[PDB]
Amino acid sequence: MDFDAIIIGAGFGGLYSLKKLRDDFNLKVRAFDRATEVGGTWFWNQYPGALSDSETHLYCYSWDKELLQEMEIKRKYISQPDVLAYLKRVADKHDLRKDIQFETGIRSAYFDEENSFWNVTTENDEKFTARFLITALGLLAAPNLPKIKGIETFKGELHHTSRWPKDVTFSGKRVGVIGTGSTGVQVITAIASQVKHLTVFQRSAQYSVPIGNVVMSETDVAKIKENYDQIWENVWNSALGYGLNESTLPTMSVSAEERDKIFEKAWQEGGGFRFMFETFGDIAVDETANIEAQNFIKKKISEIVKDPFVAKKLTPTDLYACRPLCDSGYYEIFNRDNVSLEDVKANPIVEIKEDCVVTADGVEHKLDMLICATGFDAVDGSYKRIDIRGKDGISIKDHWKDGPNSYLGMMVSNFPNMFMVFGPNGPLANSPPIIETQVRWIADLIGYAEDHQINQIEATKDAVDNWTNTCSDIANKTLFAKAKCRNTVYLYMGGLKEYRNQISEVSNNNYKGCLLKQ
């Protein structure tokens, strides 16, 4: 009797969840977040070089036409402080904070089968009740780097990229970075010119393409805002929602000289998804096609990195091109006299002293600062860190013991009245379009519940297994069977448009696979 819905999360997913349910469906709803301000991961992740993978004019909401026309499009891609300022504007305009309880982590969510609602308890023993639970948790857990003996003995600055403190200075300091993923590449490229010396501890070299983050002219921004309606229709009609001309052309169907200029054109425009999916249509499907994309980036590495032994060290061994990163000058950094690259697969880290990282060759790497760009736990980690218990009292820890399974990426069997926003078993595409799709869909169902006097919604065990069927069927058709994440399937790989088709069919067929109770 407290609320119609409780929302966990104050980022992209939770913000739109609260706006949709409160202002478009007149529900009484409260949102909770451990943060002190809106933003989600854009409020937490403030490491150097933090940048969006998707272009500025698309990494935003589409449901507010006035916001689209007044939005600031400063550069082709948007930095973390600017995303945070955008989400704070969204909360300002739509009067959202008055229904968000900040500095409040939820500890447990217990489904009350008798009354058909959720018992939600914060970490300060505050207990709320609500008919529906909206979980917009994102992806977060941060595996710091234990496994390395003696990391707790380090006397210098030790930061994980997810907990990046304020007022970090780099001048005159010897800095080390562990991790060469998307975050590591961004930090390394941003700080190398600022430090006295940078040591990169690379376990696995990955492919990276230029992002081409350039300033946007008054004319560039005007052409976007004049054609914004068509731009978003292309997003809903695409597989990735990145504004790309998604290619159908086979990689080997063109000559070697034509293939080189197609890759070169995308290399100049910039963009990771552009290089994989705007160039040709079978790079993630055919091995001969994939190797062609590998050899182009491998050739680009050996031209940029003048030292052939450093270039060889940066070249991915046998890793096939599956999600290459984007960078703003990552390969050029290793030409600097103050940058050292350490292959910690052939020369592993064995211990950390009070003042250094020591490798297996005995070399002590003196450091004033050690940055851990080591990553984040699995996508179900944010859910397992919650004490959620549905029917018969089973917890999501037990139910997802062997990975996350769901119906349409939004519903979990044995967990009624719980709807996941940007959760696992979802599509691989631009996140704001995915979040908007799922939030509009979930709100449509809850409105269908208030109209039809329904107080319990639950997915069946077989609709979930049917979802695992279509995800595994599409996934096993693509090259994503070597170094990724994902018989539990983690992602639906049919694209955004087919995901919206799939989810529209069951909303048009009386929510097939859902157990509606009155």
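Heads up: residue numbers just count along the shown sequence, starting at 1.
Undergrad: With respect to the deposited sequence, how many residues separating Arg486 from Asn487 are not represented by coordinates: none, 1 to 3, 4 to 9, or 10 or more?
TA: Going from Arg486 to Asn487, the model skips 10 or more residues of the deposited sequence.
Undergrad: Test of understanding: from the entry's C-alpha B-factors, which stretch has the higher mean, 116-124 or 332-340?
TA: Mean B over CA atoms: larger for 116-124.
Undergrad: Can you tell me whether 238-246 has a higher mean C-alpha B factor than 255-263 in this record, or the other way round?
TA: It is 255-263.
Undergrad: Just grab whichever of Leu51, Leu68, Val29, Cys471 has the top CA B-factor as deposited.
TA: Within the set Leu51, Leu68, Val29, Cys471, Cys471 shows the top C-alpha B-factor.
Undergrad: Pick out which of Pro146, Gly281, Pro210, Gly423 has the highest C-alpha B-factor in the PDB entry.
TA: Each of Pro146, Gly281, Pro210, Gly423 was compared by C-alpha B-factor; the highest is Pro146.
Undergrad: If you rank every modelled residue in this chain by C-alpha B factor, which third holds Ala449: lowest, middle or highest?
TA: It belongs to the highest third of the chain when residues are ordered by C-alpha B-factor.
Undergrad: Rank-wise, by C-alpha B-factor, drop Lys74 into the lowest, middle or highest third of its chain.
TA: Its C-alpha B-factor, which the entry lists for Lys74, ranks in the lowest third among residues of this chain.
Undergrad: What third of its chain, lowest, middle or highest, does the C-alpha temperature factor of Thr56 fall into?
TA: Lowest third, going by the recorded CA B-factors of the chain.
Undergrad: For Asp64, does the deposited CA B-factor place it in the lowest, middle or highest third of the chain?
TA: CA B-factor rank for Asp64: lowest third.
Undergrad: By the recorded C-alpha temperature factor, relative to the other modelled residues in its chain, which third is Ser431 in?
TA: Answer is middle: the recorded C-alpha B-factor places it there.
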